[PDB]
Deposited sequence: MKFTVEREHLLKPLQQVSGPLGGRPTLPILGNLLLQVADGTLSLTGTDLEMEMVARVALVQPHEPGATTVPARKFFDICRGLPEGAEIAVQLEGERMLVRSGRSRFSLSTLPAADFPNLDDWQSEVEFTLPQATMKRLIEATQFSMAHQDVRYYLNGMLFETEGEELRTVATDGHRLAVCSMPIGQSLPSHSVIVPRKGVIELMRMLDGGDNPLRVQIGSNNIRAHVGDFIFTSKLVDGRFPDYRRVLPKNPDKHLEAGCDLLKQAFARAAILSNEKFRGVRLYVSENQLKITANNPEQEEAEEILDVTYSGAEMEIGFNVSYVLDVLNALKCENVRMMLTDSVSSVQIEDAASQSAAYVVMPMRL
């Protein structure tokens, strides 16, 4: 196995395949075949594959080398470096200028494969749309819930919409985007690690994203990268059941103003429970906080509100999380009563909605 490639062609691919990819799981699989270098990393649950065209003379073969070391060596080389590589003995030799490195290898035959599977559902969409779907909901995923499926993200197709849903039982996020293709009705749960990877592979170019879903796997193609992940089994909660049936008390406020008011009040909230009280009245919101040390915060804001007066408690971090995710100009809070959840949305868009359950 021999290749010679410019540093600038290896770097992004090495970076993409290298996170996080027992010993052999810390190696990358390198394969030279049919004018292409393929680089593969896996953790057994998921897999990233990059392809690199070889325009310089090369020779076929495969090996496996430590991922961090190989990436750190390539990255440490100077701008415009050419990186010549050849297998030799039980070692892989890397040359550039008068820098020489000899890396240990494990057999390509030892490198694990994900089981083969069949695509059942397929669609294409813009990078920016997938970025939008994930960033809108990611923060509402559970971290280490005993209900494992809540630790991932639901991806749902309905009509011509792709939808993400994330929830931890206390708060929920849902975002739906049109993708201009007739889809089957279908839902899968992607583990949190897969969501992180799916997000990482979106470079922000004009390269579209091609998705393939099997019964137990999901695959995303963008540019010369193919990411595959196993799915999570379980009964993900239905966001339709969670959205308030009729939250006809409508409050609108400036997002930055509302956020910074909650942020200040939060300073004097209980350090563990983080409770704040909202008092809504005619075109006014009062936010209060206090803690066991009898310290007290009070914020008063002008808002648009015509409905009946009410009082309601929330974990302030949940509210702040929504506002930070929204990045809006104006926000609408849609209320029911003191003991029911609140729906929160950007006043200008209904593409995303957030539901937060109150505290007593």
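Student: Where the model has no C-alpha, note the corresponding stretch of the deposited sequence, numbering from 1.
Tutor: 22-26, 366 are the stretches of the deposited chain that have no C-alpha coordinates in the structure.
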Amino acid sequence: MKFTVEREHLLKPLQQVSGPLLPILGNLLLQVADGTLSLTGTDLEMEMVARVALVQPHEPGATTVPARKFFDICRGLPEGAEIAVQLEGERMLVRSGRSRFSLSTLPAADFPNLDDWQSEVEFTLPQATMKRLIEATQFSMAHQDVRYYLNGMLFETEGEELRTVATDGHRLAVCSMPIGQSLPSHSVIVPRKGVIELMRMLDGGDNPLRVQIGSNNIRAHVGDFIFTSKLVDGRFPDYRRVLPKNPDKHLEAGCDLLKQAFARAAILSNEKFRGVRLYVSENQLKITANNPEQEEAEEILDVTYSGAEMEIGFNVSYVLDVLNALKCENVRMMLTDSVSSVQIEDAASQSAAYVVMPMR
From here on, numbers count along this sequence of modelled residues.
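Only the largest set of C-alpha atoms that superpose within 1.5 Å between the two forms is called the rigid core.
Student: Do the Cα atoms of 241-249 stray more than those of 145-153 in 8 other deposited structures of this protein, or is it the other way round, with the core held fixed?
Tutor: The answer is 241-249, which departs more from the shown form in 8 other deposited structures of this protein.
Student: Using RMS Cα distance over all structures and residues, flag whichever of 209-217 and 89-97 lies farther from this form in 8 other deposited structures of this protein after a core fit.
Tutor: Between 209-217 and 89-97, greater C-alpha deviation in 8 other deposited structures of this protein belongs to 89-97.
Student: Checking the other PDB entries that cover both flanking residues: does residue 21 lack coordinates in at least a third?
Tutor: Yes: coordinates for residue 21 absent from at least a third of the compared entries.
Student: As stated in the PDB record, which stretch has the larger average Cα B-factor, 303-311 or 57-65?
Tutor: Of 57-65 and 303-311, the stretch with the higher C-alpha B-factor average is 303-311.
Student: State which stretch shows the higher mean Cα B factor in the entry: 165-173 or 114-122.
Tutor: Looking at the recorded C-alpha B-factors, 114-122 comes out higher on average.
Student: Just the C-alpha B-factor column, please: which of 229, 137, 99, 185 has the biggest number?
Tutor: Max CA B-factor in the entry, restricted to 229, 137, 99, 185: 185.
Student: Considering only 277, 219, 264, 272, which residue's Cα atom bears the greatest B-factor as recorded?
Tutor: Highest CA B-factor of the listed options: 272.
Student: What third of its chain, lowest, middle or highest, does the C-alpha temperature factor of residue 260 fall into?
Tutor: As the PDB entry reports it, the C-alpha B-factor of residue 260 lands in the lowest third of its chain.
Student: Which third, lowest, middle or highest, does the C-alpha temperature factor of residue 37 belong to within its own chain?
Tutor: For residue 37, whose C-alpha B-factor we compare with every modelled residue in the chain, the answer is the lowest third.
Student: Ranking every modelled residue in this chain by its Cα temperature factor as given in the entry, which third contains residue 86?
Tutor: According to the entry, residue 86 has a C-alpha B-factor in the chain's highest third.
Student: C-alpha B factor of residue 147, ranked within the chain: lowest, middle or highest third?
Tutor: As the PDB entry reports it, the C-alpha B-factor of residue 147 lands in the middle third of its chain.
Student: Rank-wise, by C-alpha B-factor, drop residue 295 into the lowest, middle or highest third of its chain.
Tutor: Within its chain, residue 295 is a middle-third residue by C-alpha B-factor, going by the deposited values.
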